[PDB]
Structures are given as structure tokens and as C-alpha cells.
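What's in start19.pdb: PDB, N, CA and C atoms
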ATOM      1  N   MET F   1       9.828  61.248-247.330
ATOM      2  CA  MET F   1       9.239  62.594-247.088
ATOM      3  C   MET F   1       9.087  63.385-248.397
ATOM      4  N   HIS F   2       8.454  64.565-248.345
ATOM      5  CA  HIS F   2       8.069  65.377-249.517
ATOM      6  C   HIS F   2       8.535  66.852-249.426
ATOM      7  N   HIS F   3       9.536  67.123-248.583
ATOM      8  CA  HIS F   3      10.069  68.455-248.269
ATOM      9  C   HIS F   3      11.589  68.408-248.000
ATOM     10  N   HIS F   4      12.212  69.578-247.834
ATOM     11  CA  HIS F   4      13.655  69.753-247.619
ATOM     12  C   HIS F   4      13.951  70.884-246.616
ATOM     13  N   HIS F   5      15.190  70.927-246.115
ATOM     14  CA  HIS F   5      15.632  71.816-245.033
ATOM     15  C   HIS F   5      17.055  72.355-245.276
ATOM     16  N   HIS F   6      17.423  73.414-244.546
ATOM     17  CA  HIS F   6      18.651  74.203-244.755
ATOM     18  C   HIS F   6      19.391  74.511-243.431
ATOM     19  N   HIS F   7      19.154  73.697-242.395
ATOM     20  CA  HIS F   7      19.758  73.827-241.063
ATOM     21  C   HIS F   7      21.298  73.684-241.071
ATOM     22  N   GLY F   8      21.946  74.215-240.032
ATOM     23  CA  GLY F   8      23.400  74.182-239.831
ATOM     24  C   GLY F   8      23.820  74.772-238.478
ATOM     25  N   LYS F   9      25.133  74.793-238.206
ATOM     26  CA  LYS F   9      25.732  75.257-236.937
ATOM     27  C   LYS F   9      26.999  76.097-237.173
ATOM     28  N   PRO F  10      27.275  77.096-236.312
ATOM     29  CA  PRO F  10      28.465  77.939-236.412
ATOM     30  C   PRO F  10      29.744  77.209-235.961
ATOM     31  N   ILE F  11      30.903  77.789-236.286
ATOM     32  CA  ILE F  11      32.217  77.364-235.767
ATOM     33  C   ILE F  11      32.310  77.545-234.237
ATOM     34  N   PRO F  12      33.170  76.766-233.556
ATOM     35  CA  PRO F  12      33.343  76.835-232.107
ATOM     36  C   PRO F  12      34.050  78.127-231.652
ATOM     37  N   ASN F  13      34.074  78.353-230.335
ATOM     38  CA  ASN F  13      34.620  79.549-229.681
ATOM     39  C   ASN F  13      35.684  79.137-228.633
ATOM     40  N   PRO F  14      36.791  79.893-228.458
ATOM     41  CA  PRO F  14      37.931  79.503-227.616
ATOM     42  C   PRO F  14      37.627  79.564-226.104
ATOM     43  N   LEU F  15      36.930  78.536-225.613
ATOM     44  CA  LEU F  15      36.438  78.364-224.235
ATOM     45  C   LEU F  15      36.816  76.972-223.671
ATOM     46  N   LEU F  16      37.879  76.364-224.213
ATOM     47  CA  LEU F  16      38.337  75.002-223.904
ATOM     48  C   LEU F  16      38.575  74.789-222.394
ATOM     49  N   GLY F  17      38.054  73.680-221.868
ATOM     50  CA  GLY F  17      38.042  73.343-220.439
ATOM     51  C   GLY F  17      37.113  72.163-220.129
ATOM     52  N   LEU F  18      36.821  71.943-218.843
ATOM     53  CA  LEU F  18      35.854  70.938-218.379
ATOM     54  C   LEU F  18      34.448  71.201-218.960
ATOM     55  N   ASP F  19      33.876  70.206-219.645
ATOM     56  CA  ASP F  19      32.600  70.318-220.381
ATOM     57  C   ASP F  19      31.682  69.079-220.227
ATOM     58  N   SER F  20      32.076  68.118-219.381
ATOM     59  CA  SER F  20      31.366  66.855-219.113
ATOM     60  C   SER F  20      31.421  66.500-217.622
ATOM     61  N   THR F  21      30.450  65.717-217.146
ATOM     62  CA  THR F  21      30.261  65.366-215.723
ATOM     63  C   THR F  21      29.798  63.910-215.544
ATOM     64  N   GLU F  22      29.721  63.450-214.291
ATOM     65  CA  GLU F  22      29.314  62.086-213.899
ATOM     66  C   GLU F  22      28.214  62.125-212.809
ATOM     67  N   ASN F  23      27.401  63.190-212.817
ATOM     68  CA  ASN F  23      26.382  63.510-211.805
ATOM     69  C   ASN F  23      25.112  62.617-211.852
ATOM     70  N   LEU F  24      25.041  61.650-212.779
ATOM     71  CA  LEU F  24      23.941  60.684-212.917
ATOM     72  C   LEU F  24      23.686  59.935-211.593
ATOM     73  N   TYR F  25      22.441  59.974-211.109
ATOM     74  CA  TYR F  25      22.014  59.385-209.834
ATOM     75  C   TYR F  25      20.551  58.904-209.881
ATOM     76  N   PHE F  26      20.218  57.926-209.033
ATOM     77  CA  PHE F  26      18.876  57.359-208.846
ATOM     78  C   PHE F  26      18.722  56.807-207.413
ATOM     79  N   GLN F  27      17.484  56.700-206.916
ATOM     80  CA  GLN F  27      17.172  56.254-205.551
ATOM     81  C   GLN F  27      15.832  55.493-205.482
ATOM     82  N   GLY F  28      15.773  54.492-204.602
ATOM     83  CA  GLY F  28      14.582  53.710-204.251
ATOM     84  C   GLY F  28      14.927  52.555-203.300
ATOM     85  N   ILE F  29      14.036  52.253-202.350
ATOM     86  CA  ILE F  29      14.236  51.237-201.297
ATOM     87  C   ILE F  29      12.890  50.718-200.753
ATOM     88  N   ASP F  30      12.880  49.498-200.210
ATOM     89  CA  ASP F  30      11.729  48.914-199.503
ATOM     90  C   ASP F  30      11.367  49.691-198.211
ATOM     91  N   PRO F  31      10.092  49.675-197.768
ATOM     92  CA  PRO F  31       9.624  50.412-196.586
ATOM     93  C   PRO F  31       9.954  49.741-195.233
ATOM     94  N   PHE F  32      10.763  48.672-195.221
ATOM     95  CA  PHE F  32      11.004  47.798-194.061
ATOM     96  C   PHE F  32      11.390  48.518-192.754
ATOM     97  N   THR F  33      12.120  49.635-192.831
ATOM     98  CA  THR F  33      12.501  50.462-191.669
ATOM     99  C   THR F  33      11.301  51.072-190.947
ATOM    100  N   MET F  34      10.208  51.398-191.656
ATOM    101  CA  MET F  34       8.938  51.787-191.031
ATOM    102  C   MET F  34       7.945  50.623-190.879
ATOM    103  N   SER F  35       8.110  49.496-191.576
ATOM    104  CA  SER F  35       7.341  48.284-191.221
ATOM    105  C   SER F  35       7.739  47.881-189.789
ATOM    106  N   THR F  36       9.031  48.047-189.477
ATOM    107  CA  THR F  36       9.614  47.955-188.135
ATOM    108  C   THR F  36       9.067  49.026-187.188
ATOM    109  N   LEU F  37       8.839  50.274-187.628
ATOM    110  CA  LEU F  37       8.112  51.270-186.811
ATOM    111  C   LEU F  37       6.753  50.735-186.423
ATOM    112  N   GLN F  38       6.005  50.234-187.403
ATOM    113  CA  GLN F  38       4.617  49.898-187.172
ATOM    114  C   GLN F  38       4.490  48.724-186.179
ATOM    115  N   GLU F  39       5.437  47.782-186.230
ATOM    116  CA  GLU F  39       5.661  46.695-185.263
ATOM    117  C   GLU F  39       6.132  47.203-183.899
ATOM    118  N   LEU F  40       7.138  48.069-183.841
ATOM    119  CA  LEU F  40       7.793  48.473-182.595
ATOM    120  C   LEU F  40       7.012  49.543-181.829
ATOM    121  N   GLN F  41       6.339  50.469-182.507
ATOM    122  CA  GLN F  41       5.392  51.429-181.922
ATOM    123  C   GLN F  41       4.135  50.703-181.394
ATOM    124  N   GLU F  42       3.773  49.573-182.006
ATOM    125  CA  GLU F  42       2.759  48.647-181.493
ATOM    126  C   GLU F  42       3.316  47.822-180.319
ATOM    127  N   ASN F  43       4.590  47.418-180.364
ATOM    128  CA  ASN F  43       5.290  46.745-179.262
ATOM    129  C   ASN F  43       5.362  47.632-178.015
ATOM    130  N   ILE F  44       5.684  48.917-178.196
ATOM    131  CA  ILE F  44       5.598  49.977-177.182
ATOM    132  C   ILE F  44       4.223  49.921-176.555
ATOM    133  N   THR F  45       3.182  50.050-177.369
ATOM    134  CA  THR F  45       1.803  50.161-176.918
ATOM    135  C   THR F  45       1.326  48.886-176.219
ATOM    136  N   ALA F  46       1.669  47.704-176.726
ATOM    137  CA  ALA F  46       1.264  46.434-176.125
ATOM    138  C   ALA F  46       2.036  46.138-174.834
ATOM    139  N   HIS F  47       3.344  46.397-174.814
ATOM    140  CA  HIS F  47       4.187  46.375-173.625
ATOM    141  C   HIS F  47       3.853  47.542-172.672
ATOM    142  N   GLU F  48       3.199  48.621-173.127
ATOM    143  CA  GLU F  48       2.642  49.649-172.242
ATOM    144  C   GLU F  48       1.317  49.169-171.644
ATOM    145  N   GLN F  49       0.411  48.545-172.407
ATOM    146  CA  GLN F  49      -0.831  47.976-171.873
ATOM    147  C   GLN F  49      -0.542  46.800-170.936
ATOM    148  N   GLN F  50       0.473  45.990-171.235
ATOM    149  CA  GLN F  50       0.989  44.998-170.295
ATOM    150  C   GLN F  50       1.638  45.691-169.098
ATOM    151  N   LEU F  51       2.097  46.943-169.235
ATOM    152  CA  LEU F  51       2.603  47.742-168.126
ATOM    153  C   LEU F  51       1.495  48.365-167.272
ATOM    154  N   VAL F  52       0.419  48.915-167.847
ATOM    155  CA  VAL F  52      -0.776  49.333-167.094
ATOM    156  C   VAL F  52      -1.384  48.143-166.398
ATOM    157  N   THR F  53      -1.434  47.002-167.089
ATOM    158  CA  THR F  53      -1.908  45.769-166.526
ATOM    159  C   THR F  53      -0.943  45.310-165.465
ATOM    160  N   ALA F  54       0.379  45.414-165.612
ATOM    161  CA  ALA F  54       1.311  45.116-164.524
ATOM    162  C   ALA F  54       1.079  46.037-163.316
ATOM    163  N   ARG F  55       0.700  47.310-163.535
ATOM    164  CA  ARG F  55       0.245  48.183-162.437
ATOM    165  C   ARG F  55      -1.022  47.606-161.782
ATOM    166  N   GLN F  56      -1.984  47.193-162.606
ATOM    167  CA  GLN F  56      -3.265  46.582-162.236
ATOM    168  C   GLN F  56      -3.109  45.197-161.572
ATOM    169  N   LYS F  57      -2.097  44.418-161.959
ATOM    170  CA  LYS F  57      -1.728  43.135-161.362
ATOM    171  C   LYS F  57      -1.064  43.378-160.009
ATOM    172  N   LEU F  58      -0.214  44.411-159.882
ATOM    173  CA  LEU F  58       0.321  44.806-158.579
ATOM    174  C   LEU F  58      -0.775  45.381-157.674
ATOM    175  N   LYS F  59      -1.770  46.111-158.185
ATOM    176  CA  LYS F  59      -2.949  46.488-157.379
ATOM    177  C   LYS F  59      -3.814  45.284-156.961
ATOM    178  N   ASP F  60      -3.896  44.239-157.783
ATOM    179  CA  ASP F  60      -4.531  42.948-157.444
ATOM    180  C   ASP F  60      -3.691  42.123-156.436
ATOM    181  N   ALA F  61      -2.371  42.329-156.374
ATOM    182  CA  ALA F  61      -1.509  41.785-155.320
ATOM    183  C   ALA F  61      -1.593  42.629-154.029
ATOM    184  N   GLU F  62      -1.832  43.942-154.107
ATOM    185  CA  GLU F  62      -2.161  44.761-152.924
ATOM    186  C   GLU F  62      -3.519  44.336-152.380
ATOM    187  N   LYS F  63      -4.449  44.055-153.297
ATOM    188  CA  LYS F  63      -5.730  43.432-153.005
ATOM    189  C   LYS F  63      -5.563  42.054-152.370
ATOM    190  N   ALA F  64      -4.428  41.375-152.538
ATOM    191  CA  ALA F  64      -4.119  40.120-151.852
ATOM    192  C   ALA F  64      -3.602  40.272-150.411
ATOM    193  N   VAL F  65      -2.659  41.184-150.166
ATOM    194  CA  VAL F  65      -2.257  41.563-148.796
ATOM    195  C   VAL F  65      -3.415  42.257-148.039
ATOM    196  N   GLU F  66      -4.421  42.785-148.743
ATOM    197  CA  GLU F  66      -5.703  43.249-148.173
ATOM    198  C   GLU F  66      -6.497  42.080-147.549
ATOM    199  N   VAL F  67      -6.623  40.972-148.289
ATOM    200  CA  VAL F  67      -7.509  39.836-147.982
ATOM    201  C   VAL F  67      -6.870  38.777-147.102
ATOM    202  N   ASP F  68      -5.581  38.522-147.304
ATOM    203  CA  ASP F  68      -4.828  37.528-146.552
ATOM    204  C   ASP F  68      -3.326  37.889-146.462
ATOM    205  N   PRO F  69      -2.961  38.856-145.595
ATOM    206  CA  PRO F  69      -1.615  39.414-145.413
ATOM    207  C   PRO F  69      -0.499  38.457-144.942
ATOM    208  N   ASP F  70      -0.273  37.345-145.642
ATOM    209  CA  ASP F  70       0.914  36.518-145.441
ATOM    210  C   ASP F  70       2.109  37.224-146.083
ATOM    211  N   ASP F  71       3.320  37.023-145.554
ATOM    212  CA  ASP F  71       4.539  37.713-146.017
ATOM    213  C   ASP F  71       4.810  37.513-147.511
ATOM    214  N   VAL F  72       4.292  36.415-148.052
ATOM    215  CA  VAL F  72       4.234  36.132-149.465
ATOM    216  C   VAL F  72       3.332  37.041-150.254
ATOM    217  N   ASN F  73       2.139  37.427-149.818
ATOM    218  CA  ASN F  73       1.253  38.254-150.642
ATOM    219  C   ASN F  73       1.841  39.667-150.775
ATOM    220  N   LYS F  74       2.665  40.057-149.796
ATOM    221  CA  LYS F  74       3.492  41.279-149.817
ATOM    222  C   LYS F  74       4.745  41.094-150.691
ATOM    223  N   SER F  75       5.377  39.916-150.688
ATOM    224  CA  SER F  75       6.498  39.569-151.597
ATOM    225  C   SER F  75       6.080  39.370-153.061
ATOM    226  N   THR F  76       4.894  38.816-153.233
ATOM    227  CA  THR F  76       4.089  38.674-154.447
ATOM    228  C   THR F  76       3.733  40.049-154.953
ATOM    229  N   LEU F  77       3.637  41.023-154.048
ATOM    230  CA  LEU F  77       3.560  42.396-154.498
ATOM    231  C   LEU F  77       4.854  42.807-155.187
ATOM    232  N   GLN F  78       5.987  42.623-154.525
ATOM    233  CA  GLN F  78       7.324  42.958-155.032
ATOM    234  C   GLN F  78       7.671  42.234-156.332
ATOM    235  N   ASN F  79       7.065  41.077-156.560
ATOM    236  CA  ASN F  79       7.058  40.296-157.795
ATOM    237  C   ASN F  79       6.198  40.920-158.908
ATOM    238  N   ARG F  80       4.975  41.371-158.599
ATOM    239  CA  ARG F  80       4.127  42.071-159.575
ATOM    240  C   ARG F  80       4.700  43.448-159.943
ATOM    241  N   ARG F  81       5.191  44.135-158.920
ATOM    242  CA  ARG F  81       5.979  45.370-158.946
ATOM    243  C   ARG F  81       7.336  45.164-159.643
ATOM    244  N   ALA F  82       7.879  43.946-159.610
ATOM    245  CA  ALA F  82       9.038  43.538-160.406
ATOM    246  C   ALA F  82       8.669  43.362-161.891
ATOM    247  N   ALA F  83       7.446  42.920-162.230
ATOM    248  CA  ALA F  83       6.982  42.983-163.621
ATOM    249  C   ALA F  83       6.860  44.442-164.045
ATOM    250  N   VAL F  84       6.240  45.329-163.272
ATOM    251  CA  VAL F  84       6.251  46.779-163.585
ATOM    252  C   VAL F  84       7.669  47.267-163.816
ATOM    253  N   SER F  85       8.659  46.818-163.051
ATOM    254  CA  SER F  85      10.069  47.164-163.295
ATOM    255  C   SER F  85      10.647  46.554-164.592
ATOM    256  N   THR F  86      10.285  45.312-164.942
ATOM    257  CA  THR F  86      10.571  44.669-166.252
ATOM    258  C   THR F  86      10.043  45.527-167.395
ATOM    259  N   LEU F  87       8.754  45.813-167.291
ATOM    260  CA  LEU F  87       7.897  46.523-168.213
ATOM    261  C   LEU F  87       8.365  47.966-168.403
ATOM    262  N   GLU F  88       8.717  48.634-167.310
ATOM    263  CA  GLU F  88       9.221  50.002-167.266
ATOM    264  C   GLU F  88      10.636  50.086-167.881
ATOM    265  N   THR F  89      11.528  49.128-167.564
ATOM    266  CA  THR F  89      12.860  48.994-168.208
ATOM    267  C   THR F  89      12.705  48.831-169.700
ATOM    268  N   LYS F  90      11.822  47.900-170.089
ATOM    269  CA  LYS F  90      11.448  47.716-171.479
ATOM    270  C   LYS F  90      11.007  49.021-172.043
ATOM    271  N   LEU F  91       9.979  49.665-171.529
ATOM    272  CA  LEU F  91       9.452  50.831-172.208
ATOM    273  C   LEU F  91      10.419  51.995-172.298
ATOM    274  N   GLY F  92      11.371  52.163-171.381
ATOM    275  CA  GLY F  92      12.437  53.137-171.609
ATOM    276  C   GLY F  92      13.324  52.705-172.783
ATOM    277  N   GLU F  93      13.803  51.453-172.788
ATOM    278  CA  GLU F  93      14.594  50.889-173.898
ATOM    279  C   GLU F  93      13.820  50.799-175.234
ATOM    280  N   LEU F  94      12.500  50.586-175.182
ATOM    281  CA  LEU F  94      11.521  50.438-176.264
ATOM    282  C   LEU F  94      11.206  51.800-176.866
ATOM    283  N   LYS F  95      10.832  52.780-176.033
ATOM    284  CA  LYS F  95      10.603  54.174-176.447
ATOM    285  C   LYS F  95      11.891  54.797-177.010
ATOM    286  N   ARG F  96      13.072  54.350-176.550
ATOM    287  CA  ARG F  96      14.390  54.670-177.144
ATOM    288  C   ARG F  96      14.664  53.909-178.440
ATOM    289  N   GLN F  97      14.249  52.637-178.588
ATOM    290  CA  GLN F  97      14.290  51.985-179.912
ATOM    291  C   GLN F  97      13.496  52.832-180.865
ATOM    292  N   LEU F  98      12.311  53.290-180.450
ATOM    293  CA  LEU F  98      11.546  54.217-181.250
ATOM    294  C   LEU F  98      12.298  55.496-181.531
ATOM    295  N   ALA F  99      12.853  56.199-180.557
ATOM    296  CA  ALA F  99      13.590  57.419-180.864
ATOM    297  C   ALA F  99      14.759  57.223-181.863
ATOM    298  N   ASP F 100      15.330  56.019-181.981
ATOM    299  CA  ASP F 100      16.277  55.647-183.045
ATOM    300  C   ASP F 100      15.593  55.272-184.383
ATOM    301  N   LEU F 101      14.543  54.449-184.322
ATOM    302  CA  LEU F 101      13.652  54.029-185.415
ATOM    303  C   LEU F 101      13.052  55.202-186.162
ATOM    304  N   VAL F 102      12.443  56.068-185.373
ATOM    305  CA  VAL F 102      11.601  57.166-185.778
ATOM    306  C   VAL F 102      12.469  58.168-186.517
ATOM    307  N   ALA F 103      13.647  58.424-185.954
ATOM    308  CA  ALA F 103      14.733  59.201-186.524
ATOM    309  C   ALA F 103      15.399  58.585-187.779
ATOM    310  N   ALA F 104      14.881  57.444-188.244
ATOM    311  CA  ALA F 104      15.204  56.763-189.495
ATOM    312  C   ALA F 104      13.962  56.542-190.389
ATOM    313  N   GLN F 105      12.734  56.691-189.866
ATOM    314  CA  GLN F 105      11.503  56.742-190.676
ATOM    315  C   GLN F 105      11.515  57.999-191.589
ATOM    316  N   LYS F 106      12.318  58.996-191.181
ATOM    317  CA  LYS F 106      12.697  60.253-191.850
ATOM    318  C   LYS F 106      13.433  60.043-193.186
ATOM    319  N   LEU F 107      14.261  58.995-193.258
ATOM    320  CA  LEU F 107      15.228  58.706-194.331
ATOM    321  C   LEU F 107      14.562  58.087-195.578
TER
END

Structure translated into C-alpha cells:
Amino acid sequence: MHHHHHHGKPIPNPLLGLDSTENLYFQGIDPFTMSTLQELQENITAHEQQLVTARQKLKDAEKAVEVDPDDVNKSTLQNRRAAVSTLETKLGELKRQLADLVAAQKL
């Protein structure tokens, strides 16, 4: 260099005590908890369309006791209506997986 300086510092002051910390922190994570949202909210929707269709399949089984009322086409109703019960059990448990999932898409 081609120049000079005259910098300096004063003497200390009687304030002795805690003067250092360990507050250093960092954060980052994969999106997998909401990749699971995108799968499970789609699982809700597909198991809901399979549930509207299970309603529609039970209406097609009512359409069967309409056309040929054997005790089976009425029991076959209770079977299609049993898929609606499968599907409905799922969607309560599924929409609750979401209420747990969704409450972690926050994090």
C-alpha cells in the first residue's frame, strides 16, 4: 500500500459479567410431510369418488331388487351398502389422517 493510519481503542470499563452466548441455530428439511398430504388428500378424494360410486353401486343394487327381487338382490344391497360403510369408515379415518397431516403441513 501507499498510505498510513492512526486507529486505536480505549481502556475497558468495570462491567465484568456474562458477555458470550451459544444461540447459533439453523433449519431445513425435505417436503415429505406434505408429499404425504398431496397423496392422502388425493386418497380422500379417490376413496370419496369410490364412496359416491359405492352410493351409485348400491343404487344399481336397488335397481336389481327393482328388476328381479330375490332375497339376494336385497342382501346384495346390504353388501353394496356395506362398501358404503367401508368407504364411510375410511373417509372418517382418512379425513382424520388429514386433520393430523394438515396440522403438520403447518410445521

Task: Point-to-point distance in Å for atom CA of residue 55 of chain F and atom CA of residue 69 of chain F - done: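 Between atom CA of residue 69 of chain F and atom CA of residue 55 of chain F the gap works out to 19.2 Å.
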
Task: Distance in Å - atom CA of residue 103 of chain F versus atom CA of residue 86 of chain F - done: 25.3 Å

TODO: Mind giving me the straight-line distance from atom CA of residue 62 of chain F to atom N of residue 77 of chain F in Å, one decimal?
DONE: 7.0 Å

Open item on the list: Considering only helix (DSSP H, G or I) as DSSP defines it on the backbone, what residues of chain F qualify? List them as a ChimeraX atom specification.
Closed with: /F:32-67,71-105

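When only N, CA and C atoms are used to compute distances to residue 101 of chain F, the closest of the residues F:11, F:25, F:34, F:57 turns out to be F:34.
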
TODO: Name the residues in contact with segment 35-46 of chain F at a cut-off of 7 Å, using all atoms listed in the file, excluding same-chain residues fewer than 5 positions from it; report them as an MDAnalysis selection string.
DONE: chainID F and resid 51 91 94:95 98 101:102

How big is the axis-aligned box, and where does its centre sit, when it encloses all atoms of segment 14-17 of chain F listed in the file and has 8 Å added on every side, reported in Å to one decimal as AutoDock Vina command-line options?
--center_x 37.5 --center_y 76.0 --center_z -224.3 --size_x 18.1 --size_y 23.7 --size_z 24.3

TODO: Run through the PyMOL selection byres (((chain F and resi 78 and name CA) around 12) and name CA) on the given coordinates and return the selected residues as a PyMOL selection string.
DONE: chain F and resi 54-55+57-59+61-62+65+71-77+79-86
